[PDB]
Structures are given as structure tokens and as C-alpha cells.
Amino acid sequence: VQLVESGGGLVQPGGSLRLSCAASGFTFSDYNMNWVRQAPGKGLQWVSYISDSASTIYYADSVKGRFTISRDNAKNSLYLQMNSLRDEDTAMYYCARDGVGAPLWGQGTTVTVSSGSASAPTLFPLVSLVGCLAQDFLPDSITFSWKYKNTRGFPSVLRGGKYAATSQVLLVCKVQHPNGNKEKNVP
Amino acid sequence: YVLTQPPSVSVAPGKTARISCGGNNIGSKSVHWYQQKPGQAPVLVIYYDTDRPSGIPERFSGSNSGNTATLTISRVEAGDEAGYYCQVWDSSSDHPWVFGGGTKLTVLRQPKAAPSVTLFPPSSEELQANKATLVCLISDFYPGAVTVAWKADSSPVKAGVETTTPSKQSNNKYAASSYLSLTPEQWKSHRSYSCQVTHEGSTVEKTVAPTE
């Protein structure tokens with residue numbers, strides 16, 4: 001019984017993007033789905049109402065006549081077409097089970113419209129207790145995994161139009177990013 | 001339909017927090033209560049006015065009557081410091097779900113923690129790219145209000161300094177970084193760079209050596 005949002009990334013303003021939401025563990029048809037977004041640091045916001053296996057649609061005014069919602073009962077997946085993307089739409093979009101039981105919330109995916117070209121993180125080692133530098137990426141969706149052969153990260157900062165983040169471990173670095181997955185080892 | 005929440009509510013540890021959320025006859029509707037810690041996804045802690053889900057501690061209680069629904073956190077812990085959002089469910093308005101502005105609950109009186117500073121020099125793979133970035137990492141400090149003073153040898157620096165705002169971590173303690181962008185010429189010119197993390201009127205030492 002889970003929900004899996006996906007399809008988010010970096011789009012140019014005024015463009016379009018399709019968001020997906022894979023359902024599992026229940027009869028997807030019998031329960032109404034919702035799209036809920038949240039600007040960074042700001043409050044929550046309902047986006048679109050799709051109703052049950054039937055077809056009843058309700059829209060948030062910010063995206064009324066712009067975003068378009070849809071669902072596939074057979075494939076157990078929810079969709080949200082987004083049009084004329086703006087900075088007011090750069091947010092974390094969540095796909096929720098509106099129904100009888102306690103509402104199910106899948107982990108949301110970030111959608112970011114940007115004025116700069118999309119780019120991949122650049123990894124540089126750091127020694128002295130040891131770390132990993134990831135800079136010149138876009139958008140800010142960095143994540144570190146310290147898997148070595150023989151644990152928490154830092155927030156990102158804006159420098160010259162691009163973001164940069166770092167981390168360190170106690171006492172090989174690999175990061176995941178939609179543009180490119182990087183790796184780097186340290187002595 | 002209008003939901004009103006107080007923007008900020010702060011209590012002392014162990015004391016009770018009561019997050020109000022109002023609306024014209026909101027009692028005749030069903031209210032939910034989501035708790036979102038910074039960085040995590042929203043978590044349902046109270047649904048349908050009074051019920052609480054599985055794994056939610058019994059001290060989280062809810063009430064809805066008249067024109068105000070309320071989320072009462074008894075015996076407030078630092079682990080409860082988060083943003084709380086009431087959500088109304090009504091299958092009759094053209095806005096089915098309607099959230100509130102939210103309330104960020106801050107737990108005052110938390111024990112202070114000395115910052116853990118780690119200064120990093122530019123990489124040998126970075127100087128070959130004509131770049132030079134100093135990295136000053138601060139971890140496990142409370143409160144989250146540090147001031148990084150970048151100084152080069154005896155002289156202080158102003159340009160290239162870029163500090164992040166602290167973000168709360170799992171142990172409710174904040175972490176923040178500060179990058180100093182420079183040129184490879186100035187790196188091997190001076191003999192030592194230092195990052196002076198000034199926290200609560202108390203700096204902390206960190207120095208690197210361009211030799212090795």
C-alpha cells in the first residue's frame with residue numbers, strides 16, 4: 001500500500017511537464033485522487049481534484065485552465081499535465097489518496113522552473129574528517145551515499161547562478177542527480 | 001472558505017502546545033492535522049477531528065467544534081518542533097481540500113550545543129580546473145544562528161564568502177556551511193587560511209595549510 005510520485009525536474013518557464021503517481025496495494029479505481037503542492041518553505045496547497053473511477057474534476061485557480069489532471073484505472077497510475085509553467089508552480093508536488101481510510105501520501109517529487117540551463121553536479125574530493133564537494137548543479141536535488149569497500153549531508157548554497165553542497169562522514173562518494181549520477185573516492 | 005492559523009507558536013519543553021485553526025462553522029466539517037518537520041514530507045498526525053493514526057503518540061489530541069479546530073500537543077518535546085497544517089475535507093465545495101497557512105511550532109529552552117567545525121581546502125583536482133573553493137562545515141549546534149568570519153592569515157576577507165542558512169537535522173540541531181571562493185594564485189601566495197565560526201559570542205578555531 002504505497003504511492004510513488006515521479007516525473008519532476010527542471011523545465012523552462014512557460015513550458016509543460018507531465019507528473020506521474022504509481023499506485024499499489026489497493027483498488028485504485030474506487031478512491032478519489034488529489035494533487036497537492038507546496039512552495040519551498042511556504043504552506044501547503046491543493047492543486048487538482050480527480051474523483052474516483054469516475055470523471056469529476058476540480059482545479060486550483062492558480063492552475064485553472066492551465067494544468068490538466070487525468071488517471072488510468074487499469075495501470076493504477078495518476079497523471080497531472082502542467083502547462084504554462086511559472087515560478088509560482090516551482091514546488092513539491094504530492095499525490096494523495098482521498099478516501100474512506102486514512103489518506104495515503106506518497107513521497108513528492110520536485111518541479112523547478114529555472115532561468116538557467118540545466119546542469120549536472122561536479123564532484124571534487126576534500127581531505128584534511130573527510131568529505132565530498134558537489135557544486136555547479138541544477139536543480140537542487142542533491143543526495144549523498146557514502147558506500148565504501150573494505151552519514152548526513154549539508155544544505156546547498158547559491159553561487160554565481162548555480163548551487164553547491166557538501167557533506168562528511170564520521171571518524172568513495174556517490175551522489176544521485178537527474179542530470180547525472182557522479183562518483184568520487186577520497187584517501 | 002478561509003482557514004486561519006497563527007503563524008508562529010512557541011512553548012517550553014513539557015508544556016502544552018495548542019494549535020488553533022478557525023473557520024465559519026468548521027466544526028460541521030472534518031479537519032485533519034499534518035505535521036511536517038523541515039526536510040521531510042508531511043505526516044498525518046490527526047485525521048477526522050479527534051482520531052489519531054497508528055504510531056502517533058497519545059499526547060497528540062484533536063478537537064473540532066463551533067468555529068475552531070485545535071491540535072493540542074501535550075508534554076511537548078523538541079522532536080515535535082515542526083510545521084503543523086490543518087486541512088478541511090468537504091465533498092461539496094469546488095475546493096474539496098483546503099489547507100491552512102500553517103503554524104511552525106518552536107520548542108524554546110533547548111540545550112545548547114557547541115558547533116563542530118571542519119575546514120576543508122581546495123582539491124588537487126580543483127586547482128587543475130582553475131578553481132579554488134574553501135569549505136567550512138558546521139554541525140550539531142544550537143541555536144541555529146552562527147556568523148562565519150573568513151580570515152586569510154592575519155588579514156580578513158570579504159569577497160568570495162557565501163554562507164548558507166542553517167537547516168535543522170534529525171537531532172533537532174542545526175547544520176550550516178560556508179564557502180570561500182578564491183583564485184589559485186592567492187591560494188599558494190598566502191601560507192594559511194582560517195574559518196572563524198562565531199557562535200553565541202564564542203568563536204572556534206579552524207585553519208588549513210596550503211603546503212599540504
# chains A, B, ... in the order shown; residues from 1 in each chain; ligands from 1
call {"tool": "select_by_dssp", "arguments": {"residues": "segment 72-143 of chain B", "states": "strand (DSSP E or B)", "output": "ChimeraX atom specification"}}
result
/B:72-73,83-89,97-99,103-107,113,116-120,133-142
call {"tool": "write_last_selection", "arguments": {"atoms": "N, CA and C atoms", "output": "CSV table (one decimal), in the first residue's frame"}}
result
chain,number,residue,atom,x,y,z
B,72,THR,N,-3.9,19.8,20.1
B,72,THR,CA,-3.3,20.0,21.4
B,72,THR,C,-2.1,19.0,21.6
B,73,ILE,N,-0.9,19.5,21.6
B,73,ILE,CA,0.3,18.6,21.8
B,73,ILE,C,0.6,18.8,23.3
B,83,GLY,N,6.3,22.2,11.5
B,83,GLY,CA,5.2,23.0,10.9
B,83,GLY,C,3.9,22.1,10.9
B,84,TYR,N,2.8,22.7,11.4
B,84,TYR,CA,1.6,22.0,11.5
B,84,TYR,C,0.5,22.6,10.7
B,85,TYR,N,-0.2,21.8,9.9
B,85,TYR,CA,-1.2,22.3,8.9
B,85,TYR,C,-2.5,21.6,9.1
B,86,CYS,N,-3.6,22.4,9.4
B,86,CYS,CA,-4.9,21.8,9.4
B,86,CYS,C,-5.4,21.8,8.0
B,87,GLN,N,-6.2,20.7,7.7
B,87,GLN,CA,-6.8,20.5,6.3
B,87,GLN,C,-8.2,20.2,6.5
B,88,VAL,N,-9.1,20.9,5.8
B,88,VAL,CA,-10.5,20.6,5.9
B,88,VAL,C,-10.9,19.8,4.7
B,89,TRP,N,-11.8,18.8,4.9
B,89,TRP,CA,-12.3,18.0,3.8
B,89,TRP,C,-13.8,18.2,3.7
B,97,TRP,N,-10.3,20.0,-0.9
B,97,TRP,CA,-9.3,20.1,0.2
B,97,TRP,C,-9.0,21.6,0.3
B,98,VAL,N,-8.8,22.1,1.5
B,98,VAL,CA,-8.4,23.5,1.8
B,98,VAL,C,-7.5,23.4,3.0
B,99,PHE,N,-6.2,23.7,2.8
B,99,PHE,CA,-5.2,23.8,3.9
B,99,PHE,C,-5.2,25.1,4.6
B,103,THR,N,1.3,26.5,11.0
B,103,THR,CA,1.9,27.0,12.2
B,103,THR,C,3.2,26.3,12.5
B,104,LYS,N,4.3,27.1,12.6
B,104,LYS,CA,5.6,26.5,12.9
B,104,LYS,C,5.8,26.5,14.4
B,105,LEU,N,5.8,25.3,15.0
B,105,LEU,CA,5.9,25.2,16.4
B,105,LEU,C,7.4,25.1,16.8
B,106,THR,N,7.9,26.1,17.6
B,106,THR,CA,9.2,26.1,18.0
B,106,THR,C,9.3,25.8,19.5
B,107,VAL,N,10.2,24.8,19.8
B,107,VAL,CA,10.4,24.4,21.2
B,107,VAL,C,11.6,25.3,21.8
B,113,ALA,N,24.4,23.5,22.1
B,113,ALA,CA,25.4,22.5,21.6
B,113,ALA,C,26.5,23.3,20.9
B,116,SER,N,30.5,22.1,15.7
B,116,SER,CA,31.5,21.2,15.2
B,116,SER,C,32.0,21.7,13.9
B,117,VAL,N,33.1,22.3,13.8
B,117,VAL,CA,33.6,22.9,12.6
B,117,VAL,C,34.7,22.1,11.9
B,118,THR,N,34.6,22.0,10.6
B,118,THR,CA,35.6,21.2,9.8
B,118,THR,C,35.9,22.1,8.6
B,119,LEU,N,37.2,22.6,8.5
B,119,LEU,CA,37.6,23.4,7.4
B,119,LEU,C,38.3,22.5,6.4
B,120,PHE,N,37.9,22.8,5.1
B,120,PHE,CA,38.4,22.0,4.0
B,120,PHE,C,39.1,22.8,3.0
B,133,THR,N,38.0,26.6,-3.9
B,133,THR,CA,36.8,26.8,-3.0
B,133,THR,C,37.1,26.3,-1.6
B,134,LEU,N,37.2,27.2,-0.7
B,134,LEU,CA,37.2,26.7,0.7
B,134,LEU,C,35.9,26.4,1.3
B,135,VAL,N,35.8,25.3,2.1
B,135,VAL,CA,34.5,24.8,2.6
B,135,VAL,C,34.6,24.7,4.1
B,136,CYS,N,33.7,25.4,4.8
B,136,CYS,CA,33.7,25.5,6.2
B,136,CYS,C,32.4,24.9,6.7
B,137,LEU,N,32.4,23.7,7.3
B,137,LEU,CA,31.2,22.9,7.7
B,137,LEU,C,31.0,23.0,9.2
B,138,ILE,N,29.8,23.3,9.5
B,138,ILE,CA,29.4,23.5,10.9
B,138,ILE,C,28.2,22.5,11.2
B,139,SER,N,28.4,21.7,12.2
B,139,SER,CA,27.4,20.6,12.5
B,139,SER,C,27.1,20.6,14.0
B,140,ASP,N,25.8,20.2,14.4
B,140,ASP,CA,25.4,19.9,15.7
B,140,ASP,C,25.6,21.2,16.6
B,141,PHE,N,25.0,22.3,16.2
B,141,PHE,CA,25.0,23.5,17.0
B,141,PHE,C,23.5,24.0,17.2
B,142,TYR,N,23.3,24.5,18.4
B,142,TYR,CA,22.0,25.1,18.8
B,142,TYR,C,22.3,26.3,19.7
call {"tool": "interface_residues", "arguments": {"of": "chain A", "to": "chain B", "cutoff": "6 Å", "atoms": "only C-alpha atoms", "output": "list in words"}}
result
residues 43, 125, 126 and 157 of chain A
call {"tool": "residues_around", "arguments": {"residues": "segment 68-81 of chain A", "least_positions_apart": "3", "cutoff": "12 Å", "atoms": "only C-alpha atoms", "output": "ChimeraX atom specification"}}
result
/A:1-8,15-37,47-60,63-65,84-85,93-97,106
call {"tool": "residues_around", "arguments": {"residues": "residue 88 of chain A", "least_positions_apart": "3", "cutoff": "10 Å", "atoms": "only C-alpha atoms", "output": "ChimeraX atom specification"}}
result
/A:38-39,62-63,85,91,112-113
call {"tool": "select_by_dssp", "arguments": {"residues": "segment 20-145 of chain B", "states": "alpha helix (DSSP H)", "output": "ChimeraX atom specification"}}
result
/B:124-127
call {"tool": "write_last_selection", "arguments": {"atoms": "C-alpha atoms", "output": "PDB file, in the first residue's frame"}}
result
ATOM      1  CA  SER B 124      44.071  18.920  -6.077  1.00  0.00           C
ATOM      2  CA  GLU B 125      41.563  18.122  -8.832  1.00  0.00           C
ATOM      3  CA  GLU B 126      40.011  21.576  -8.302  1.00  0.00           C
ATOM      4  CA  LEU B 127      43.182  23.662  -8.659  1.00  0.00           C
TER       5      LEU B 127
END
call {"tool": "closest_residue", "arguments": {"among": "B:35, B:10, B:4, B:110", "to": "residue 173 of chain B", "atoms": "only C-alpha atoms"}}
result
B:110
